[PDB]
Amino acid sequence: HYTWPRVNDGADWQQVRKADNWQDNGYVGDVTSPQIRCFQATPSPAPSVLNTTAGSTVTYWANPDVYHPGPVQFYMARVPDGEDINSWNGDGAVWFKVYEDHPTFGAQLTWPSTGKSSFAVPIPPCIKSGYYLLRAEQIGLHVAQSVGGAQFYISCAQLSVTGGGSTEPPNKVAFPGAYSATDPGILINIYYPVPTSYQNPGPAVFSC
Ligand SMILES: *[C@@H]1O[C@H](CO)[C@@H](O)[C@H](O)[C@H]1NC(C)=O
Ligand SMILES: [Mg+2]
């Protein structure tokens with residue numbers, strides 16, 4: 001139970017759209033729900049936008065910290081030139097993955113997110129300048145052995161990216177759309193037999 005309330009030095013939900021779990025630190029359990037995108041049943045803009053450059057790092061904060069076992073992933077989606085970040089919600093197949101982590105394998109799986117509040121998100125240097133939504137996700141897998149058991153902790157930040165390139169990420173995905181409840185990284189027993197591989201849900205990480 002954690003929120004993703006802040007980016008860089010900003011306050012709770014300042015550059016981050018106010019997630020539906022802002023009070024209860026709850027989760028999304030339905031990968032087909034509109035909440036799977038930005039944890040908002042009804043889209044509502046953040047009051048501010050974070051300025052950053054392509055190639056820089058954005059810090060995404062979890063609160064209190066990430067403590068359920070499972071992967072952290074970040075996605076981005078570009079607002080079209082003729083659109084306002086405050087009213088654009090990332091409909092359709094517009095999302096590309098910019099970060100994912102992987103567990104280490106042994107008698108038990110260890111996760112490179114556990115106990116952390118601060119997460120380094122690489123903004124790709126080669127993507128087009130413009131406004132973006134940045135989606136934060138952690139997938140709690142501690143009760144994910146049953147269908148609908150995975151717990152998604154999500155939010156989306158509003159970015160203005162400058163100094164970009166011209167590379168368009170291929171195979172963009174939709175939320176909902178990208179995930180199925182039976183995906184091997186979503187419907188999974190992490191405890192027995194302990195996995196020796198782990199397949200992150202969604203498309204491949206985009207790289208320049
Ligand atoms: C962010 O960039 C915008 C232009 O899109 C500018 O008006 C604004 O002052 C900048 N904000 C900060 C905090 O630098
Ligand atoms: Mg919890």
# chains A, B, ... in the order shown; residues from 1 in each chain; ligands from 1
$ residues_near_ligand --ligand "ligand 2" --cutoff "9 Å" --atoms "only C-alpha atoms and all ligand atoms" --output "list in words"
residues 1, 2, 25, 26, 27, 66, 67, 68, 140, 151 and 153 of chain A
$ residues_around --residues "range 85-100 of chain A" --least-positions-apart "5" --cutoff "7 Å" --atoms "only C-alpha atoms" --output "list in words"
residues 43, 45, 71, 72, 73, 74, 75, 76, 77, 79, 121, 131, 169, 172, 173, 174, 203, 204, 205 and 206 of chain A
$ write_last_selection --atoms "N, CA and C atoms" --output "mmCIF file, in the first residue's frame"
data_model
loop_
_atom_site.group_PDB
_atom_site.id
_atom_site.type_symbol
_atom_site.label_atom_id
_atom_site.label_comp_id
_atom_site.auth_asym_id
_atom_site.auth_seq_id
_atom_site.Cartn_x
_atom_site.Cartn_y
_atom_site.Cartn_z
ATOM 1 N N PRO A 43 -10.369 11.136 -15.597
ATOM 2 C CA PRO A 43 -9.136 11.903 -15.756
ATOM 3 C C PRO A 43 -9.265 13.335 -15.234
ATOM 4 N N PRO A 45 -6.444 16.743 -14.524
ATOM 5 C CA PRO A 45 -5.052 17.169 -14.678
ATOM 6 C C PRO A 45 -4.395 17.554 -13.349
ATOM 7 N N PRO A 71 7.919 -5.998 -9.848
ATOM 8 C CA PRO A 71 8.649 -5.059 -10.696
ATOM 9 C C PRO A 71 8.126 -3.619 -10.648
ATOM 10 N N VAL A 72 9.043 -2.679 -10.865
ATOM 11 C CA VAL A 72 8.732 -1.276 -11.133
ATOM 12 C C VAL A 72 8.956 -1.039 -12.625
ATOM 13 N N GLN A 73 7.985 -0.393 -13.270
ATOM 14 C CA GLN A 73 8.097 -0.042 -14.681
ATOM 15 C C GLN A 73 7.622 1.391 -14.900
ATOM 16 N N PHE A 74 8.227 2.078 -15.871
ATOM 17 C CA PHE A 74 7.785 3.427 -16.254
ATOM 18 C C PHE A 74 7.479 3.477 -17.747
ATOM 19 N N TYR A 75 6.389 4.159 -18.101
ATOM 20 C CA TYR A 75 6.023 4.374 -19.494
ATOM 21 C C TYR A 75 5.834 5.869 -19.754
ATOM 22 N N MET A 76 5.909 6.259 -21.022
ATOM 23 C CA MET A 76 5.636 7.631 -21.438
ATOM 24 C C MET A 76 4.685 7.658 -22.636
ATOM 25 N N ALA A 77 3.982 8.775 -22.797
ATOM 26 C CA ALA A 77 3.121 9.021 -23.956
ATOM 27 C C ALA A 77 3.172 10.500 -24.322
ATOM 28 N N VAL A 79 1.943 13.979 -25.862
ATOM 29 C CA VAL A 79 0.817 14.845 -26.213
ATOM 30 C C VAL A 79 1.075 15.410 -27.619
ATOM 31 N N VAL A 121 14.258 7.719 -13.160
ATOM 32 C CA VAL A 121 13.629 7.440 -14.459
ATOM 33 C C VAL A 121 14.407 8.124 -15.569
ATOM 34 N N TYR A 131 5.267 17.775 -24.787
ATOM 35 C CA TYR A 131 4.644 17.412 -23.518
ATOM 36 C C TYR A 131 4.379 15.917 -23.459
ATOM 37 N N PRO A 169 9.256 5.911 -30.843
ATOM 38 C CA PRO A 169 9.223 4.552 -30.300
ATOM 39 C C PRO A 169 8.203 3.669 -31.038
ATOM 40 N N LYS A 172 3.938 0.976 -29.829
ATOM 41 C CA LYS A 172 3.277 1.599 -28.680
ATOM 42 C C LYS A 172 2.018 0.819 -28.269
ATOM 43 N N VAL A 173 1.669 0.870 -26.979
ATOM 44 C CA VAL A 173 0.555 0.076 -26.417
ATOM 45 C C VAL A 173 -0.502 0.955 -25.738
ATOM 46 N N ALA A 174 -1.675 0.376 -25.491
ATOM 47 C CA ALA A 174 -2.769 1.076 -24.818
ATOM 48 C C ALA A 174 -2.959 0.586 -23.374
ATOM 49 N N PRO A 203 5.294 -4.252 -23.412
ATOM 50 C CA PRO A 203 6.277 -4.225 -24.496
ATOM 51 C C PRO A 203 7.726 -4.116 -23.990
ATOM 52 N N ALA A 204 8.686 -4.314 -24.893
ATOM 53 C CA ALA A 204 10.100 -4.150 -24.568
ATOM 54 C C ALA A 204 10.409 -2.696 -24.204
ATOM 55 N N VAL A 205 11.390 -2.495 -23.328
ATOM 56 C CA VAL A 205 11.886 -1.159 -22.994
ATOM 57 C C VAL A 205 12.400 -0.509 -24.272
ATOM 58 N N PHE A 206 11.941 0.711 -24.527
ATOM 59 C CA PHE A 206 12.472 1.505 -25.619
ATOM 60 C C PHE A 206 13.868 2.016 -25.267
#
$ residues_near_ligand --ligand "ligand 1" --cutoff "9 Å" --atoms "only C-alpha atoms and all ligand atoms" --output "PyMOL selection string"
chain A and resi 48-52+131+160-161
$ residues_around --residues "residue 185 in chain A" --least-positions-apart "4" --cutoff "10 Å" --atoms "only C-alpha atoms" --output "list in words"
residues 70, 71, 139, 141, 144, 150, 179, 180, 181, 189, 190, 197, 198, 199, 200, 201 and 202 of chain A
$ write_last_selection --atoms "N, CA, C and O atoms" --output "PDB file, in the first residue's frame"
ATOM      1  N   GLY A  70       7.877  -7.311  -6.403  1.00  0.00           N
ATOM      2  CA  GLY A  70       7.378  -7.162  -7.772  1.00  0.00           C
ATOM      3  C   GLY A  70       8.105  -6.059  -8.513  1.00  0.00           C
ATOM      4  O   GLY A  70       8.848  -5.277  -7.894  1.00  0.00           O
ATOM      5  N   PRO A  71       7.919  -5.998  -9.848  1.00  0.00           N
ATOM      6  CA  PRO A  71       8.649  -5.059 -10.696  1.00  0.00           C
ATOM      7  C   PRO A  71       8.126  -3.619 -10.648  1.00  0.00           C
ATOM      8  O   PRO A  71       6.926  -3.388 -10.435  1.00  0.00           O
ATOM      9  N   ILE A 139       4.078  -3.439  -9.470  1.00  0.00           N
ATOM     10  CA  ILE A 139       3.146  -4.561  -9.446  1.00  0.00           C
ATOM     11  C   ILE A 139       3.467  -5.474  -8.268  1.00  0.00           C
ATOM     12  O   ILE A 139       4.441  -6.229  -8.312  1.00  0.00           O
ATOM     13  N   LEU A 141       3.248  -8.628  -6.233  1.00  0.00           N
ATOM     14  CA  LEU A 141       3.002 -10.029  -6.633  1.00  0.00           C
ATOM     15  C   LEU A 141       2.829 -11.028  -5.468  1.00  0.00           C
ATOM     16  O   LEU A 141       2.787 -12.255  -5.679  1.00  0.00           O
ATOM     17  N   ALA A 144      -0.367 -12.880  -6.065  1.00  0.00           N
ATOM     18  CA  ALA A 144      -0.669 -12.883  -7.503  1.00  0.00           C
ATOM     19  C   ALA A 144      -0.827 -14.276  -8.121  1.00  0.00           C
ATOM     20  O   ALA A 144      -0.969 -14.399  -9.340  1.00  0.00           O
ATOM     21  N   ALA A 150      -2.737  -9.827  -8.665  1.00  0.00           N
ATOM     22  CA  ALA A 150      -1.692  -8.800  -8.752  1.00  0.00           C
ATOM     23  C   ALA A 150      -2.218  -7.421  -8.310  1.00  0.00           C
ATOM     24  O   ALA A 150      -3.368  -7.077  -8.585  1.00  0.00           O
ATOM     25  N   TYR A 179      -1.993  -5.288 -21.055  1.00  0.00           N
ATOM     26  CA  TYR A 179      -1.876  -6.397 -20.106  1.00  0.00           C
ATOM     27  C   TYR A 179      -3.073  -7.339 -20.156  1.00  0.00           C
ATOM     28  O   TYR A 179      -4.218  -6.907 -20.331  1.00  0.00           O
ATOM     29  N   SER A 180      -2.798  -8.624 -19.976  1.00  0.00           N
ATOM     30  CA  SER A 180      -3.861  -9.594 -19.759  1.00  0.00           C
ATOM     31  C   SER A 180      -3.694 -10.204 -18.368  1.00  0.00           C
ATOM     32  O   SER A 180      -2.567 -10.343 -17.879  1.00  0.00           O
ATOM     33  N   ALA A 181      -4.814 -10.571 -17.751  1.00  0.00           N
ATOM     34  CA  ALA A 181      -4.812 -11.172 -16.411  1.00  0.00           C
ATOM     35  C   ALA A 181      -4.035 -12.488 -16.315  1.00  0.00           C
ATOM     36  O   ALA A 181      -3.697 -12.926 -15.215  1.00  0.00           O
ATOM     37  N   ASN A 189       3.099 -17.413  -9.194  1.00  0.00           N
ATOM     38  CA  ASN A 189       3.479 -17.750  -7.827  1.00  0.00           C
ATOM     39  C   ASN A 189       4.982 -17.508  -7.636  1.00  0.00           C
ATOM     40  O   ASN A 189       5.820 -18.257  -8.152  1.00  0.00           O
ATOM     41  N   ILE A 190       5.317 -16.449  -6.902  1.00  0.00           N
ATOM     42  CA  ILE A 190       6.718 -16.066  -6.694  1.00  0.00           C
ATOM     43  C   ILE A 190       7.412 -16.906  -5.609  1.00  0.00           C
ATOM     44  O   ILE A 190       8.629 -16.833  -5.451  1.00  0.00           O
ATOM     45  N   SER A 197      13.222 -17.465 -13.920  1.00  0.00           N
ATOM     46  CA  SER A 197      13.134 -16.365 -14.874  1.00  0.00           C
ATOM     47  C   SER A 197      11.883 -15.566 -14.553  1.00  0.00           C
ATOM     48  O   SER A 197      11.002 -16.049 -13.835  1.00  0.00           O
ATOM     49  N   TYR A 198      11.824 -14.332 -15.045  1.00  0.00           N
ATOM     50  CA  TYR A 198      10.664 -13.489 -14.813  1.00  0.00           C
ATOM     51  C   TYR A 198      10.410 -12.641 -16.046  1.00  0.00           C
ATOM     52  O   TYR A 198      11.290 -11.934 -16.526  1.00  0.00           O
ATOM     53  N   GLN A 199       9.196 -12.734 -16.551  1.00  0.00           N
ATOM     54  CA  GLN A 199       8.826 -12.054 -17.768  1.00  0.00           C
ATOM     55  C   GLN A 199       8.006 -10.801 -17.437  1.00  0.00           C
ATOM     56  O   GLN A 199       6.832 -10.910 -17.117  1.00  0.00           O
ATOM     57  N   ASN A 200       8.633  -9.623 -17.516  1.00  0.00           N
ATOM     58  CA  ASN A 200       7.931  -8.354 -17.271  1.00  0.00           C
ATOM     59  C   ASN A 200       6.752  -8.201 -18.229  1.00  0.00           C
ATOM     60  O   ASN A 200       6.887  -8.491 -19.415  1.00  0.00           O
ATOM     61  N   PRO A 201       5.586  -7.765 -17.710  1.00  0.00           N
ATOM     62  CA  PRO A 201       4.460  -7.566 -18.618  1.00  0.00           C
ATOM     63  C   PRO A 201       4.663  -6.341 -19.493  1.00  0.00           C
ATOM     64  O   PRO A 201       5.408  -5.427 -19.129  1.00  0.00           O
ATOM     65  N   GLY A 202       4.000  -6.339 -20.643  1.00  0.00           N
ATOM     66  CA  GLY A 202       4.053  -5.212 -21.552  1.00  0.00           C
ATOM     67  C   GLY A 202       5.136  -5.322 -22.612  1.00  0.00           C
ATOM     68  O   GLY A 202       5.822  -6.347 -22.726  1.00  0.00           O
TER      69      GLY A 202
END
$ atom_distance --atom1 "CA of residue 13 in chain A" --atom2 "CA of residue 157 in chain A"
8.5 Å
$ closest_residue --among "A:186, A:69, A:35, A:128" --to "residue 103 in chain A" --atoms "only C-alpha atoms"
A:69
$ select_by_dssp --residues "range 17-188 of chain A" --states "strand (DSSP E or B)" --output "PyMOL selection string"
chain A and resi 28+50-53+57-63+72-78+95-100+104+110+118-122+127+130-140+151-162+167+173
$ closest_residue --among "A:146, A:8, A:15, A:59" --to "residue 133 in chain A" --atoms "only C-alpha atoms"
A:15
$ residues_around --residues "residue 65 in chain A" --least-positions-apart "4" --cutoff "9 Å" --atoms "only C-alpha atoms" --output "PyMOL selection string"
chain A and resi 1-3+61+113-118
$ write_last_selection --atoms "N, CA and C atoms" --output "PDB file, in the first residue's frame"
ATOM      1  N   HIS A   1       0.841  -1.231   0.000  1.00  0.00           N
ATOM      2  CA  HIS A   1       0.000   0.000   0.000  1.00  0.00           C
ATOM      3  C   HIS A   1       0.853   1.249   0.000  1.00  0.00           C
ATOM      4  N   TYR A   2       0.964   1.831  -1.187  1.00  0.00           N
ATOM      5  CA  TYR A   2       1.747   3.041  -1.377  1.00  0.00           C
ATOM      6  C   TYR A   2       1.227   3.818  -2.565  1.00  0.00           C
ATOM      7  N   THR A   3       1.401   5.130  -2.490  1.00  0.00           N
ATOM      8  CA  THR A   3       1.080   6.012  -3.594  1.00  0.00           C
ATOM      9  C   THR A   3       2.362   6.331  -4.364  1.00  0.00           C
ATOM     10  N   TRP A  61       8.736   9.510  -6.869  1.00  0.00           N
ATOM     11  CA  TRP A  61       8.705   9.142  -5.454  1.00  0.00           C
ATOM     12  C   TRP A  61       7.521   8.242  -5.152  1.00  0.00           C
ATOM     13  N   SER A 113      13.642  -2.906  -6.049  1.00  0.00           N
ATOM     14  CA  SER A 113      12.811  -1.784  -5.592  1.00  0.00           C
ATOM     15  C   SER A 113      12.521  -1.756  -4.078  1.00  0.00           C
ATOM     16  N   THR A 114      12.584  -2.922  -3.424  1.00  0.00           N
ATOM     17  CA  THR A 114      12.112  -3.116  -2.044  1.00  0.00           C
ATOM     18  C   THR A 114      12.792  -2.158  -1.054  1.00  0.00           C
ATOM     19  N   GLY A 115      11.976  -1.421  -0.305  1.00  0.00           N
ATOM     20  CA  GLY A 115      12.470  -0.487   0.700  1.00  0.00           C
ATOM     21  C   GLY A 115      12.845   0.894   0.178  1.00  0.00           C
ATOM     22  N   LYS A 116      12.727   1.100  -1.134  1.00  0.00           N
ATOM     23  CA  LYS A 116      13.074   2.382  -1.742  1.00  0.00           C
ATOM     24  C   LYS A 116      11.864   3.312  -1.901  1.00  0.00           C
ATOM     25  N   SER A 117      12.110   4.610  -1.751  1.00  0.00           N
ATOM     26  CA  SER A 117      11.086   5.631  -2.006  1.00  0.00           C
ATOM     27  C   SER A 117      11.398   6.427  -3.269  1.00  0.00           C
ATOM     28  N   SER A 118      12.686   6.534  -3.586  1.00  0.00           N
ATOM     29  CA  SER A 118      13.176   7.346  -4.695  1.00  0.00           C
ATOM     30  C   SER A 118      13.586   6.491  -5.901  1.00  0.00           C
TER      31      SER A 118
END
$ select_by_dssp --residues "range 10-186 of chain A" --states "helix (DSSP H, G or I)" --output "ChimeraX atom specification"
/A:35-38
$ write_last_selection --atoms "N, CA and C atoms" --output "PDB file, in the first residue's frame"
ATOM      1  N   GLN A  35      -8.646   2.672 -14.743  1.00  0.00           N
ATOM      2  CA  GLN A  35      -7.656   2.970 -13.691  1.00  0.00           C
ATOM      3  C   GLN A  35      -6.252   2.404 -13.958  1.00  0.00           C
ATOM      4  N   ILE A  36      -6.149   1.375 -14.800  1.00  0.00           N
ATOM      5  CA  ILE A  36      -4.844   0.758 -15.083  1.00  0.00           C
ATOM      6  C   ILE A  36      -3.871   1.743 -15.759  1.00  0.00           C
ATOM      7  N   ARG A  37      -4.414   2.783 -16.392  1.00  0.00           N
ATOM      8  CA  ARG A  37      -3.573   3.788 -17.042  1.00  0.00           C
ATOM      9  C   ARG A  37      -2.901   4.745 -16.039  1.00  0.00           C
ATOM     10  N   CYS A  38      -3.698   5.582 -15.376  1.00  0.00           N
ATOM     11  CA  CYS A  38      -3.179   6.623 -14.474  1.00  0.00           C
ATOM     12  C   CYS A  38      -3.865   6.636 -13.099  1.00  0.00           C
TER      13      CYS A  38
END
$ closest_residue --among "A:46, A:126, A:159, A:107" --to "residue 191 in chain A" --atoms "only C-alpha atoms"
A:107
$ closest_residue --among "A:11, A:19, A:109, A:123" --to "residue 192 in chain A" --atoms "only C-alpha atoms"
A:109
$ closest_residue --among "A:164, A:171, A:122, A:34" --to "residue 134 in chain A" --atoms "only C-alpha atoms"
A:122
$ closest_residue --among "A:170, A:165, A:148, A:55" --to "residue 28 in chain A" --atoms "only C-alpha atoms"
A:148
$ atom_distance --atom1 "CA of residue 193 in chain A" --atom2 "CA of residue 29 in chain A"
23.6 Å
